[PDB]
Each structure stands twice: as structure tokens, then as C-alpha cells.
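Data block below; observations after.
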Amino acid sequence: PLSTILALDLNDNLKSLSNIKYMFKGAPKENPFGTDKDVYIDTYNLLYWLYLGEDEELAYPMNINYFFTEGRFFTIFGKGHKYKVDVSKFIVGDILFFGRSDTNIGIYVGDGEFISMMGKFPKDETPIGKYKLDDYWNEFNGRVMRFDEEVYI
Amino acid sequence: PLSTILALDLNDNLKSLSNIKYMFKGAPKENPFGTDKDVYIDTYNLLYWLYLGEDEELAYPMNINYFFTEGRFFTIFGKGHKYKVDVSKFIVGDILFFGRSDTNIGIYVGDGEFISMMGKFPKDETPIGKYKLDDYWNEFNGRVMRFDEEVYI
Amino acid sequence: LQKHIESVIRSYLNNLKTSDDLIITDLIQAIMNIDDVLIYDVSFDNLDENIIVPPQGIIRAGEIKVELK
Amino acid sequence: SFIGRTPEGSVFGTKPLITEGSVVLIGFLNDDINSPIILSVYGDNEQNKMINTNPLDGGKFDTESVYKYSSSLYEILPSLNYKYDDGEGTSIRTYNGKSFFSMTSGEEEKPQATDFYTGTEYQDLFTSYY
Amino acid sequence: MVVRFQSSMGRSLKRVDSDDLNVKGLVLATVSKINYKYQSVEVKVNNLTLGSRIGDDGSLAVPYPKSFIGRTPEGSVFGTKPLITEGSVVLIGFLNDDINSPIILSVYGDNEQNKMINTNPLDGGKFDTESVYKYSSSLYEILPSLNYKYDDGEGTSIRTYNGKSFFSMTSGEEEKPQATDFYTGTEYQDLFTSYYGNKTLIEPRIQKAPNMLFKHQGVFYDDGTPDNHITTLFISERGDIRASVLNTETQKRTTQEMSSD
Amino acid sequence: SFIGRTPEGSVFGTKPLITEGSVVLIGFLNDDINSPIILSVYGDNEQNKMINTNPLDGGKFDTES
Amino acid sequence: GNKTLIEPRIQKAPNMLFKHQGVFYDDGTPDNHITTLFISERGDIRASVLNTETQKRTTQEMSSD
Amino acid sequence: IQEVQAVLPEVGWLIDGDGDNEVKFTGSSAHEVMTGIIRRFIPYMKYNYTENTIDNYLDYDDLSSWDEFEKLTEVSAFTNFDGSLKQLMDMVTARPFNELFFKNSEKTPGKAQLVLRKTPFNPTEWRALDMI
Amino acid sequence: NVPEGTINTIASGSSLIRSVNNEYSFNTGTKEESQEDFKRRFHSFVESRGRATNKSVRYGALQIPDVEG
Amino acid sequence: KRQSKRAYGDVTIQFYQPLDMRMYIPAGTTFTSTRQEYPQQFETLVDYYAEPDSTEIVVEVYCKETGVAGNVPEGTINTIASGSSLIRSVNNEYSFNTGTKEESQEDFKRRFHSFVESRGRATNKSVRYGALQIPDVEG
Amino acid sequence: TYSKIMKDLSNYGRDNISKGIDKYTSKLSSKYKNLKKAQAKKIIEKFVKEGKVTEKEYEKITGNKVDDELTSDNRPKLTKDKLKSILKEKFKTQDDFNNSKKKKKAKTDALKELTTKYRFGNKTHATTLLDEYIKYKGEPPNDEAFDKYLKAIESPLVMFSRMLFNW
């Protein structure tokens, strides 16, 4: 699939992407992958740039309102329930939400992990990195989505 | 009547009263008619100066609270109904109210017109002028009053 | 009445068999059948000559505009 | 209005104002006399007529013009300073003496929440009248 | 027999009389028309209309519940006027179980309407659970104006005004984006309370920017001298800010002004 | 508290807080069992005594003090 | 009522803000003035006026120190 | 009838209580109301009589009541849930101030008459009754 | 023949109606015609048998019951 | 001869506002009219669903009475049973003109002629009758 | 339909549209099923704030031929040989079948013109043809694959109440 291949490519290149830096609402106009210079990007913009590399375009800045009405996603699990046993059924490339008000999102990777940027709020200098799901499982909020390209337009 | 004669005199002298200027709550201490110098007066103060020329005095600044308890007026039409056919029954010298919170008032003149000051809020340099009732009919609010001098005191 | 005439004409256009010319006499007799007295006369602009249909042609679609005199 | 207890154990709730000489509807338990409960508090026609600033006699609520005046969450505290909201952008709140807080967006209503010269007086606000 | 031919009803024999005329219980109705001057509505039964006599509004109508109402020792009357809506379902209780004696007890909304005006995603669960307390405990309310007010058992609290303007507060670092001012600040669509239950944004009714002000004044104080200090915190629609202190009788003023530029 | 729809069509209303284990008064429709509605929520005497700061035992409301 | 302090549930300090914005006005031009009255958990105060389209800002900031 | 809207495309009735089966009867006296009540349903109550219906056999005329003391009335059709016209007739009667019963028509032998008159306990109305 | 401003209500739901009033009095309510009126009418009828006369057009236009003048 | 065909057509629903959530229409909803000239009923055969953000929905309807009375003129069917408050107006945009009475004596006579001429197989008319004998196919 | 969309916004006016943009949006999307909820939501926001909408705004919202007025009066038939030709344009090299990424782009471009430009449009039907076309490498064993899109495009309450009446 497209989303699984993109997640695998991001995982393979995760250690070379240290130029990318964390910010609250970093919306730079320069593509991070097409420039050796450091750049502050958040998770939403990161996903946008990652999907823009191929033929899909989506829209910018791709805020939380994107998932409501654009019809690019179909929900897998709803918000408000949180089961630890049904995490194994997930698949790579599923988007993982975080926070009580959709503050941050993530991309799921196998072996019970996820890819996201975590750091102090006021523009942290920590680069992108992968963390275990055990400590962040409290703030998962049970919302899960998935991509679909064949039928759209 | 007193109010009809005063309205006719104001209409006849309307084109010579260009010295008078519009403001939100202009309460000058100088009489506009007794001075060639320009002066910023609002509709309430204008009516006060117009009635003060004769033997009637009323009170100053003559805000909206004047019409409530002074007993100088008796209502003709109440607020909250707005009929376009019953405008013809009006007579010259009836006070026309404007705005949802009694922001401004006017004096009715025949042929479906009214005399008032209209302009941008922050102390507009537009002088007094007469406008058609068709465009302002939306913001009329249906409140109409009339004067009575014989029985008062 | 305009809408009723449009619907009657469009319905006449449907439920028509294959390989028959667009005869106008039957059309006008069909629309005059509604009321002989009320409806006075009917005329046409371009299809005054019968349109010969091939063996594999059927006249079923068609947009109707009523132009009352 | 609402009452309960939190998981920690602390109790929370409300204490709505109680007034003497008000009319209250009562529903007996199992239709037994000597088993009363108060259902709600209903005011008199005069009292209701005094505590509303709506001049319209009547009209369907779906009319745009009627929505301007009908849609008004008008409330008055035990203190005679009141609180006001409306379906339009006007919203007015009052405090001790003539002090008040107000907001609005329409240019027509601009005097209601202006600060030109000395500012708008408290008597200029139509909601300030019975 | 011959004498049995009287008013009767039911499969079992029951003397129909003036007891059957009296209604037993409470019934539902819809608000068709409202008397705005008296704030007493007339409710419609499925094929009958209650209240609604020759009396226009005052002398006959159906009373509506009030939050509280009374009179002060000085004599001045105080109370509330809760919002009234047409086409809402209202529960009615007749006095002494007499038809032609209605009163409205409360206003109950439809299942769809209730589902639309709540942001709680949980299907169910005991209220005593800590996690469920986060979402269950939410005094969520929406004014007649489509700008809403929100409170919660957590420290989050959100209030909205005309256009996209809002006021918010919170304490958890997790919730820090909801009430942050980094760069341009948090957008209105980032707040999860700003959406309806069915994945729809709560549009404000009025998009024009408001203008706020906090006017302060009095009359006198314990010193006995007349009060004449006036101060304001006016905010314009173009973003200006003006903090001013005024003494009107002495004709003195000091203003701190901020321009939109 | 109140609920309705605006002329534009948008729905507005309120969601008053709901609490588990509170006592609620119920009125059946047409006095039929299997037809319940909640009328209001009444707290316990202890709960009411805890959530009020009024020290007065009693007295007419018309007194200034 | 029973001589007990009403503890707040959450002891962490809040952070307030009064964000103001619109869309348009009677002049017809698009509205793009943004202003805030943000207050941080560490006691800071920041009154700011912003025009985002023109990329201009004026802030009055107070630090916790 | 519970589930009938009876709407129309971009048209509607100015009087309320329309579309629905609501019917309102108005009069300033019992003989005015009772005429409207009886006349509303009596003709349509059809039967297989070889010759007419109940309106030919029942006069239901020469009704009177206290017109001076009774104001205008807005008596509703459906005051009684699925009740009989007799149940709705009782409300209009307002007993015991008015006396309703069925009796033979002495003035017109051969047919019955519905009587609705003020109670004969008044002095002059008592004298107006025929003695036997 | 009620006076002016007598009809106040419509005696129905009146949801969209505020009030009803009449600006003019009712004068067409009249009792049965006396002998003298009938004799006057009949003398005009006898004199109106020849058409094409003003006195004939008088009866011509007076035959409608509602017309008085 | 074959029996009459039930009238059928399209009916148009107008709501006060676009639906905020998806609504379900119960099967066998009854559509009728208020004019005394056409008291003939109608009823739906299949389920229908009114998705949100849709100000109108069109569902097909079949005349229960078997006759030409179903061929109602425009703007006749102005009533709906078990309808919610959301519905604002009910109207058919086009007259049905599909109902029919029992098969015409002339059309039966002509089909019987076709059958008689079609007794000799292997000819144009035999193929014609063999094609026309199915009730669905026409002309 | 750029003109009609703009005329509609000009008919209600910015004062009326500004009060209930979400539901007024549903009016436009109801009338024309070419615009989804998000597409018509964005154009109205751009209309109210700027006060007008140009051809740059329209095309930015969604790729359309704004400079083409033919279609509303007359739109071509798309008989079978035309579809056969349009598939020969959309698929010109064999790698497209092997490389799925461009195949998704190709088929979307086929459906985008094929549903809109011609007399008859359907997604699921046209998809079905494309799935058979792709599987057979663009030469299926029967010409029906090219016919297919052309021929495919053009109680308890009652029972209880009844029996209760019967008894």
C-alpha cells in the first residue's frame, strides 16, 4: 500500500532526518527533504510533506478540520474507549492521535511503537524521534484513522 | 401647531444651516442659530435648541430618559411593529426614532422624508441633511411620538 | 396548463415503437384530444416534415419548450 | 440545577436563589397528601411583564426580525444589576453603580458599546429599562 | 338488561362519569405561538390547542418555569426570563388533574438535538471513573447566539464571542495548546469543544468582530464626596486597545492607547 | 434549560450537567408505567446543608439584615 | 457549610488569554487585526496587537522576573 | 389522528389550527354554540332510510340560555380524548345551570326534539312551564 | 348594523394576526320592505316596461336587491 | 388479456433546513392528497435514507388502487403520513400518466390477430409474435 | 458552472450568507452534486472575506475548465469508439499497468474527464470497466468490456393493525 510504504521509508530514513526540528505550529514554505538546512516542522506539516512527495497533494496546512469533511479518511476506532489488547490488530501507516483536544498526532509502526515529535512547548530543539507506546499509551484517546486513494476523485 | 411650524421653519432654513456639524453626543454650550461659527450638534441637542428658541424650555441634554417620565409626549405607535402602509397617516413634526437601542432620532417631514444627521461614527464632518425614508425604513423600529403644550403645567 | 402540456407531449414521445416516422398529425391529434374546445390550434417551427427513423432508431428523448401565442 | 459527588469524594452542586412569597408548583409523591415536593417556580403575569424588554406583541420565532428581540436570555440577579445576552452580537453585563461591560459588532449598535468622549451612558442602553 | 344501556367503556364494565373527564398524569405538547410581552406560550396538542382564549396575552395563557423570581425589601422586583423557543417539546401538568388548567413543567429536546449539542464521545460508563470524569463532567451550554460557553471538571474552560474570538484557560501541560499564544495563537478550529457532536464545526452566527469595554463609575462613597472618577478598557473592532482614567468634573484625563497599526 | 433552532436552521440549546447517584423526580406520561420522564433533580438534606454558606436558621426574607 | 475549606480540584496555575478577531465589517475590507491578552502560568502578561497578512506586530510583555 | 401533516407547497392557511383536524366552535350563548356543534356533524351521519337523516327527525331548535351573563366562548372540539358527542355535549350544557334531555315534540307530533333551555327553577321560567 | 370598530377578533387561532378592526359602519342591514316601498318599486316597474328610457334604466339597474341608490 | 398496471411516479420532499444527521424513512410510508377529486392513496415499496446536508429527497411511489385514478395532475399529492417536523412541503413535479385500465378491446384484438397470423411458423410475423409475447418487451 | 455559483452567492448576498455559512453551503452542494461539502465550504469563506470570487479562486478550489461554456447547452455523446480512443490516450505505455502509483493518477484523470465532459457519468460503473481493462492489460477477450459502460449507463405495525381490524 501507499501508506505502509511511506511509513517504512520514513522509518528507514528516520536517523538521517535530524535536520527537521520540532515546533508547535511550524508551517515552513520550504520542503524539508529537498533541503540540507534545518527547518521546524510539526506532525501535521510533516505528514503533508511526506504525502506530497508522491502524486497525492492533500491540502495545506492540514489542520484537524481536514479529517472532518474532506473524506480522505475512514475511522477505524472511535474516541472515548481505550483497549490495550486490540492494539496488536493495528497496521503500519495508521494515524495515531494524541491529547484531549487533538493537540498532536502520530504514525504507527510495528512492534508497538509510533513516530512523532515530543518536546517542551516553546519551540524545542529536539529532532524527530521514535518512542515506545507504553509510556504514551495514557494519552492515546483511542482515535485511529486510515487512508484511501483508489476511490477518491 | 407649534411642532409643525417649527418643522416647516427648519425645512425652509435647512440649506442655510450648513454650519451645524454631526457628532455622536455633541452638547455645545453655544446656540447654533445665534452664531455664524461651526458647531457639532446631535439630533437630541438640535431638537432642544429648536424648541428653546420659543417660550418652551424642556431640559438639557434631553437624552432618551426624557421621553420616559417627563410627560411631554404621548406615543402614537409602539415599538416592535413596522407597517409601511400606515406611514402616510403621519403628520409633520412627529419624532422618528432609529436604531435598536434608540441610537438616533429624527423629525418627520411630508412626501415620505425625514430630517436627521447621518455619517460615520467618529465625528463626521457631514452637515445636517434630509434623506429619503425608503433606504432608512429598515431601521425605523416603529416608535413614534408627538408633542403637547397646552395642558402641560 | 403549460406543465400539463409539456408532460403530455413528453409522455407521447415515450411508449413509441421502433421504426416509425415522427408523424406530426398524430402528435397534434393526441394533444388536441385533451380538450377540443379549449385548445384552438398548434404549430411547429422546424419539424413540419416527418423525420424518417432507421430500423435501429427510436424517438424517445427530447426537450419540450411551450411557446404560447 | 445539578448536584453530585466527584470520584475523589468531594460534593458539588448548586444553590438556586429562593424567594419568599413566590408561587411554586407542587407534586405529591404517589398522589399522597402529606408528601410534597416543589417542581418549579412560576411568576405572576405582572412580574413577567415587568422583567422583559421585548416590545413585540407576538409573531413566529422563525422570522429574522423577531429573532432580534425574541432571542434574548435576559436575566436579573438578586442584585438589581443584570446580565443580558441576545441572538445578535449585543451582550451586556452590569455591576455595582452605573458600571457595566458590553460588546457588539454591528455598526448600527456601535453606540451601545462605544468609548467616544465620555463613553455611552447607562441610560442609553435599552436593556437597562424595565 | 334494559337499564344497563348507559355510558360505559372498556372490555370490563365501568361506569363512565365525571371521573373519566379528568386527565390522569402528564402529557406532551409543542410550542406553536409565544406571547413575548407576557412570556406565556400556547401549546398545541396533536389535534387541539390549549391556553389560547380571547385574551390576547395577559389575562389567560400557559405559565412558563422560571429560574428564580422575587421582590427585595426595598420593593423592586427581580427575576429571570429564560429563553423560549418555538417548536420545542414541553411537559405539562394540569392543576388538580383538570383539563383546561395547563402549566409547563420543563422543556425536553429530541434525541437527535441532544446528540448534536454534546461533545462527549463515550458511549457509557460509571461516573465515578477518573477517566470518564474528564469527559462526562462538562457543563456544556450554547447561547441563542451560536457562540457557546464551556466548563469542565478539569481546569479547561472555554468561552466564545462574536466571530472567532474566544476566551480560554487551562493548567495541564497536555492541554497547553488549547490556551496558548505562541506565534499567532491557537486557532478556533483546534478546540475540540468548537465542533458539534456529528463532526461539524460550530459556526458563529455573527462573523463581524466585536468591540469590548469595561466602564467603571459610581455615585458616592464613605468619605461623602461625590464620585466622579471614570475609567474604561475599550477595545475596538480594528484591534485597538485604550485604557483610560477620567475625572469629568475637573476636565482631566490620562489615556494609554494602542493603535491597530 | 432551553433548546431550539434559529431561522438559519442551526440548532442551539444546553446540556446541563448529569450526575450518577442523584435523586430525581419522575412523572409518567398519562399515568402509565413504562412511560417515564425526569422532572428535576433534588439533593439530600446533608448535601444541601454542605453546599450553603448561610448561617441564619430562619427569618422572613423581607428583613434587610 | 460544615466549617470546611472548599479545596480547588486542580492546584496547577492556569493560563488565560483573550483572543480577538473577525472576518469583515461594513467597510467591506477583510478583517485581519488580531489582538490577545495572554497570561502565562508563571505570571507573565502579554498584550499584543497583530496584523497577520501584513506581517506586523506590537507587543507589551511582562516577564515573571 | 396522530400522524397527519397536511402540508402544501409554498402555501399555507392564515388561521391556526389548520391542516390538523382541530375544529373550534365560537358563540356568545349555548344556543349559538350548540347549533354549531350539532350542525357540524349531523348531516354527514348518513343512514339507509328509504325516505333523510337525523336532522329531519330531530328539530333541535327553540334553544336558549343565559346569553346576557355568558361571554364569548372558544369551546374546542377535542376537549375529551376520543369521547362521544354526548361527552362533548355535556361541557356545552354546563350543568346544572341548563337542562338537556330528549323528549317527544308535542308541538309537532310524530317526531322527536332536542331540548336545551335554562333551568326552570327561576320564578318566571317556572311559571312558563305548562301545568298538568 | 354594528357601530365602528366593533369586530375585534377573528374567533380562531389567529397565530399571525394581531388585531382586526373595521373603519366604516354597516348600513346594508335592513328590515323587510314595508308596503310603501313595495308600492314605489312596483310603480317604477309598471313605468319601466318600455325600454330605452331613463326611468326604465332606473328599474333596470335597481332590480338587483343589494342596490339602494 | 393481461391485467392493469398500477400507477407509479416520483414525489419530492422539501425540508425547512438541511438535515444535520442521517434520517431513516420507515417502509410503507403512505402518501396521499387532500383534494376530494383524488382521494387515492400511495405507498412506498423499499427503504430510503435521508443523508445529512441534503435539503430534498425523491422517492418512488406506487398507487395501491389498480386503475386510471392514479394518473393525478401536477401538484396533487400534498400529504405524508408518519412525517417528522423537518418536512416543509410535499409535491410531485410531474403528473404520473402511467396508470391504465384493463386492456383495451382493440389492442387485445390486434394481439390476437398477431397470434393467428403467427400460427404458420418460420416467417416475419411468427418471429414478431414470439418476440412480443413477453409482457415486459414493447414494440 | 462558475457563473451560476457566483450568481447564487450574489443572489443571497454577503449579509445573508454570512449568517449560517455551514447550512447555506449545503444549499449549493444540494443543487449541484459536483461540489462536495468541503469544496463549497471553502469558496464561501473566500467569498465573504474578500467580497468577490475570481477565476483564480475557483480553479484553486478544484481543477475545472472555467473557460468552457459548451457543456451546459451541448455535451458529446461518447459512443463506444470514443471511449476506446480515450483509453488509448490515458494508457500509452505498458509500464502504467506495472507501476501502480501512476496508474492511480491515470485512472483518476480518465474518470475526471469521462464523468463530467460527456453526456453520461458514473464512478462505480466506470471503475468496473477500468478494473477489467487493467486486468486484461488493455485488450480483454470480448468487446463487451467497452459495451459495459455504455449499456450500464442511460411490517409488524401494519400486520397487527390489519388483523386487529379483521377480528
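We label chains A, B, ... in the order they appear in the C-alpha cells, count residues from 1 in each chain, and number ligands from 1 in the order shown.
Any residue of chain D with an atom within 12 Å of chain G counts; using only C-alpha atoms, that gives residues 6, 7, 8, 9, 10, 11, 12, 103, 105, 106, 107, 108 and 110 of chain D.
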Saved selection, atoms kept: C-alpha atoms, as a PDB file, in the first residue's frame:
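The result, written out as result-v4.pdb:
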```pdb
ATOM      1  CA  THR D   6     -16.683  13.535  42.370  1.00  0.00           C
ATOM      2  CA  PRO D   7     -14.554  10.344  42.381  1.00  0.00           C
ATOM      3  CA  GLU D   8     -12.293  11.964  44.968  1.00  0.00           C
ATOM      4  CA  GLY D   9     -15.389  12.189  47.220  1.00  0.00           C
ATOM      5  CA  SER D  10     -15.934  15.945  47.346  1.00  0.00           C
ATOM      6  CA  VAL D  11     -19.554  17.049  46.910  1.00  0.00           C
ATOM      7  CA  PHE D  12     -20.555  19.638  44.319  1.00  0.00           C
ATOM      8  CA  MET D 103     -19.835  44.120  23.474  1.00  0.00           C
ATOM      9  CA  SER D 105     -20.305  44.160  16.294  1.00  0.00           C
ATOM     10  CA  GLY D 106     -22.970  45.885  14.189  1.00  0.00           C
ATOM     11  CA  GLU D 107     -22.199  49.475  13.247  1.00  0.00           C
ATOM     12  CA  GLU D 108     -25.850  50.282  13.932  1.00  0.00           C
ATOM     13  CA  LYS D 110     -21.949  50.802  17.821  1.00  0.00           C
TER      14      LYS D 110
END
```
Handout entry: Neighbours of chain A in chain K at 7 Å, counting only C-alpha atoms, as an NGL selection string
Key = :K and (37-38 or 104 or 108)
Take the residues that were just selected and, keeping N, CA and C atoms, output them as an mmCIF file, in the first residue's frame.
```
data_model
loop_
_atom_site.group_PDB
_atom_site.id
_atom_site.type_symbol
_atom_site.label_atom_id
_atom_site.label_comp_id
_atom_site.auth_asym_id
_atom_site.auth_seq_id
_atom_site.Cartn_x
_atom_site.Cartn_y
_atom_site.Cartn_z
ATOM 1 N N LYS K 37 -18.967 18.903 0.237
ATOM 2 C CA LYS K 37 -19.142 19.833 1.348
ATOM 3 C C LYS K 37 -17.896 20.677 1.585
ATOM 4 N N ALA K 38 -16.705 20.077 1.481
ATOM 5 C CA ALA K 38 -15.500 20.856 1.751
ATOM 6 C C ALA K 38 -15.258 21.888 0.659
ATOM 7 N N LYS K 104 -2.932 4.911 -10.610
ATOM 8 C CA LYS K 104 -3.925 5.675 -9.861
ATOM 9 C C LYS K 104 -4.089 7.087 -10.420
ATOM 10 N N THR K 108 -7.671 8.247 -12.390
ATOM 11 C CA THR K 108 -8.391 9.394 -11.844
ATOM 12 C C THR K 108 -8.581 10.468 -12.909
#
```
Exercise for the section: Using only C-alpha atoms, determine which residues lie at most 9 Å from residue 2 in chain G, disregarding the query and same-chain residues fewer than 6 positions distant; provide the list as a PyMOL selection string. Expected result: chain F and resi 49-51+53
Exercise for the section: Please identify all polymer residues within 12 Å of residue 17 in chain F, counting only C-alpha atoms, omitting same-chain residues fewer than 5 positions from it, and present them as a PyMOL selection string. Expected result: (chain D and resi 1-5+12-14) or (chain E and resi 118+120+127+133+135-141+150-153) or (chain F and resi 1+22+41)
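Residues of chain I carrying a DSSP assignment of helix (DSSP H, G or I), computed from the backbone, are residues 35, 36, 37, 38, 39, 40, 41, 42, 43, 44, 45, 46, 47, 54, 55, 56, 57, 58, 59, 60, 61 and 62 of chain I.
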Print the selection's residues with C-alpha atoms to a file, as a JSON list (two decimals), in the first residue's frame.
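That gives us out_22.json:
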```json
[["chain", "number", "residue", "atom", "x", "y", "z"],
["I", 35, "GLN", "CA", -95.92, 48.31, 1.90],
["I", 36, "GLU", "CA", -94.99, 51.82, 0.74],
["I", 37, "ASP", "CA", -91.54, 50.80, -0.55],
["I", 38, "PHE", "CA", -93.15, 47.88, -2.40],
["I", 39, "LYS", "CA", -95.68, 50.21, -4.00],
["I", 40, "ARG", "CA", -92.93, 52.60, -5.10],
["I", 41, "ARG", "CA", -90.91, 49.71, -6.55],
["I", 42, "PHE", "CA", -94.00, 48.42, -8.35],
["I", 43, "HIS", "CA", -94.90, 51.81, -9.84],
["I", 44, "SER", "CA", -91.38, 52.07, -11.24],
["I", 45, "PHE", "CA", -91.78, 48.51, -12.55],
["I", 46, "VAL", "CA", -95.05, 49.42, -14.29],
["I", 47, "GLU", "CA", -93.48, 52.55, -15.77],
["I", 54, "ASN", "CA", -84.11, 56.78, -18.19],
["I", 55, "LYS", "CA", -86.99, 55.72, -15.94],
["I", 56, "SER", "CA", -86.62, 52.27, -17.48],
["I", 57, "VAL", "CA", -82.86, 52.13, -16.84],
["I", 58, "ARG", "CA", -83.62, 53.14, -13.24],
["I", 59, "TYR", "CA", -85.53, 49.89, -12.70],
["I", 60, "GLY", "CA", -83.04, 48.09, -14.98],
["I", 61, "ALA", "CA", -80.26, 48.87, -12.52],
["I", 62, "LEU", "CA", -82.39, 48.79, -9.36]]
```
Handout entry: Residues of chain E within 8 Å of chain I, counting only C-alpha atoms, as a VMD selection string
Key = chain E and resid 33 52 54
Exercise for the section: Write out as a list in words the residues lying within 10 Å of residue 143 in chain A, counting only C-alpha atoms and excluding same-chain residues fewer than 6 positions away. Expected result: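 These residues fall inside the cut-off: residues 75, 76, 77, 78, 79, 80, 81, 82, 95, 96, 97, 98, 102 and 105 of chain A.
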Can you spit out the residues from that selection as a JSON list (two decimals), in the first residue's frame, using C-alpha atoms?
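Saved file result.json follows:
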```json
[["chain", "number", "residue", "atom", "x", "y", "z"],
["A", 75, "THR", "CA", -12.24, 5.88, 11.07],
["A", 76, "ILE", "CA", -11.04, 2.54, 12.45],
["A", 77, "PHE", "CA", -11.64, 3.12, 16.19],
["A", 78, "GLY", "CA", -13.68, 5.92, 17.76],
["A", 79, "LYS", "CA", -12.62, 8.28, 20.51],
["A", 80, "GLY", "CA", -13.54, 7.59, 24.13],
["A", 81, "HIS", "CA", -12.61, 3.91, 24.53],
["A", 82, "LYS", "CA", -9.10, 2.65, 25.15],
["A", 95, "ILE", "CA", -2.50, 7.65, 12.13],
["A", 96, "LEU", "CA", -2.41, 7.84, 15.94],
["A", 97, "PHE", "CA", -3.96, 10.84, 17.68],
["A", 98, "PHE", "CA", -2.78, 12.31, 20.99],
["A", 102, "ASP", "CA", -6.28, 16.70, 19.21],
["A", 105, "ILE", "CA", -0.86, 13.09, 16.06]]
```
Practice task
Using only C-alpha atoms, find which residues of chain D lie within 8 Å of chain B and jot them down as a list in words.
Solution key: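 Within 8 Å of chain B on chain D, we get residues 55, 56, 57, 108, 109, 111, 112, 116, 123, 124, 125 and 126 of chain D.
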Please provide the set of residues having any atom within 8 Å of range 50-61 of chain G, restricted to only C-alpha atoms, with same-chain residues fewer than 3 positions apart removed, written as an mmCIF file with N, CA, C and O atoms, in the first residue's frame.
```
data_model
loop_
_atom_site.group_PDB
_atom_site.id
_atom_site.type_symbol
_atom_site.label_atom_id
_atom_site.label_comp_id
_atom_site.auth_asym_id
_atom_site.auth_seq_id
_atom_site.Cartn_x
_atom_site.Cartn_y
_atom_site.Cartn_z
ATOM 1 N N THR E 184 0.942 32.969 16.324
ATOM 2 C CA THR E 184 -0.343 33.624 16.120
ATOM 3 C C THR E 184 -1.388 33.220 17.150
ATOM 4 O O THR E 184 -2.470 33.817 17.174
ATOM 5 N N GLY E 239 -8.852 46.152 16.530
ATOM 6 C CA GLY E 239 -7.781 45.669 17.375
ATOM 7 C C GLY E 239 -7.179 46.689 18.320
ATOM 8 O O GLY E 239 -6.257 46.341 19.071
ATOM 9 N N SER E 260 -4.192 50.028 15.829
ATOM 10 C CA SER E 260 -4.214 48.780 15.072
ATOM 11 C C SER E 260 -2.905 48.570 14.324
ATOM 12 O O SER E 260 -2.429 47.437 14.196
ATOM 13 N N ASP E 261 -2.306 49.652 13.821
ATOM 14 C CA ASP E 261 -1.000 49.565 13.181
ATOM 15 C C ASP E 261 0.112 49.197 14.156
ATOM 16 O O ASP E 261 1.205 48.836 13.706
ATOM 17 N N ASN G 32 -8.314 41.528 9.470
ATOM 18 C CA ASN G 32 -7.052 40.828 9.695
ATOM 19 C C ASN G 32 -6.300 41.367 10.908
ATOM 20 O O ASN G 32 -5.072 41.217 10.975
ATOM 21 N N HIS G 33 -6.984 42.061 11.810
ATOM 22 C CA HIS G 33 -6.396 42.536 13.053
ATOM 23 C C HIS G 33 -6.628 41.481 14.124
ATOM 24 O O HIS G 33 -7.775 41.104 14.392
ATOM 25 N N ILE G 34 -5.540 41.021 14.734
ATOM 26 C CA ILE G 34 -5.567 40.057 15.825
ATOM 27 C C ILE G 34 -4.875 40.672 17.030
ATOM 28 O O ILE G 34 -3.786 41.242 16.910
ATOM 29 N N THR G 35 -5.508 40.537 18.186
ATOM 30 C CA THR G 35 -5.004 41.013 19.466
ATOM 31 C C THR G 35 -5.320 39.996 20.548
ATOM 32 O O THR G 35 -6.302 39.255 20.453
ATOM 33 N N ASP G 44 3.537 35.774 33.699
ATOM 34 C CA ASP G 44 3.787 36.728 32.631
ATOM 35 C C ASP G 44 2.482 37.309 32.098
ATOM 36 O O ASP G 44 1.424 36.678 32.154
ATOM 37 N N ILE G 45 2.571 38.534 31.578
ATOM 38 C CA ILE G 45 1.453 39.231 30.953
ATOM 39 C C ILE G 45 1.922 39.742 29.598
ATOM 40 O O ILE G 45 2.971 40.388 29.506
ATOM 41 N N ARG G 46 1.133 39.475 28.553
ATOM 42 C CA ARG G 46 1.480 39.884 27.192
ATOM 43 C C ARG G 46 0.244 40.443 26.499
ATOM 44 O O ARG G 46 -0.671 39.685 26.156
ATOM 45 N N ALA G 47 0.204 41.763 26.319
ATOM 46 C CA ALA G 47 -0.803 42.422 25.494
ATOM 47 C C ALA G 47 -0.177 42.700 24.135
ATOM 48 O O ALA G 47 0.889 43.321 24.060
#
```
Exercise for the section: Do a neighbour search on residue 107 in chain A at 9 Å with only C-alpha atoms, toss out local chain neighbours closer than 2 positions, and write the hits as a PyMOL selection string. Expected result: chain A and resi 7+47+92-97+105+109+113-116
Same residues, N, CA and C atoms, saved as a short mmCIF file (atom, residue, chain, number, x, y, z; two decimals), in the first residue's frame:
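Result went into selection.cif, see below:
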```cif
data_model
loop_
_atom_site.label_atom_id
_atom_site.label_comp_id
_atom_site.auth_asym_id
_atom_site.auth_seq_id
_atom_site.Cartn_x
_atom_site.Cartn_y
_atom_site.Cartn_z
N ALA A 7 5.40 4.86 5.35
CA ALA A 7 5.83 4.70 6.74
C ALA A 7 7.13 3.92 6.83
N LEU A 47 3.42 15.13 7.83
CA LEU A 47 2.61 14.21 7.03
C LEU A 47 2.28 14.82 5.68
N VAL A 92 0.79 -0.92 10.05
CA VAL A 92 1.70 0.21 9.84
C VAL A 92 1.07 1.20 8.88
N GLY A 93 1.23 2.49 9.18
CA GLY A 93 0.65 3.58 8.42
C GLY A 93 -0.64 4.14 8.97
N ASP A 94 -1.18 3.58 10.06
CA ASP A 94 -2.36 4.14 10.69
C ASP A 94 -1.99 5.35 11.55
N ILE A 95 -2.81 6.40 11.46
CA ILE A 95 -2.50 7.65 12.13
C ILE A 95 -2.97 7.52 13.58
N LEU A 96 -2.09 7.86 14.52
CA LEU A 96 -2.41 7.84 15.94
C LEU A 96 -2.52 9.26 16.49
N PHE A 97 -3.66 9.54 17.11
CA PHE A 97 -3.96 10.84 17.68
C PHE A 97 -3.52 10.90 19.14
N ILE A 105 -0.56 14.36 16.70
CA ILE A 105 -0.86 13.09 16.06
C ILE A 105 0.45 12.33 15.86
N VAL A 109 3.98 2.40 13.79
CA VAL A 109 4.94 1.46 13.22
C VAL A 109 4.89 0.20 14.07
N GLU A 113 5.25 0.58 18.56
CA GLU A 113 5.90 1.88 18.60
C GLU A 113 5.15 2.88 17.72
N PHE A 114 5.56 4.14 17.77
CA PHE A 114 4.98 5.17 16.92
C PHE A 114 6.01 6.27 16.70
N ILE A 115 5.85 7.00 15.60
CA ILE A 115 6.77 8.04 15.18
C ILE A 115 6.09 9.39 15.37
N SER A 116 6.75 10.28 16.10
CA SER A 116 6.18 11.58 16.44
C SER A 116 7.29 12.47 16.96
#
```
Handout entry: Gap from CA of residue 19 in chain G to CA of residue 218 in chain E - Å, one decimal
Key = 29.5 Å
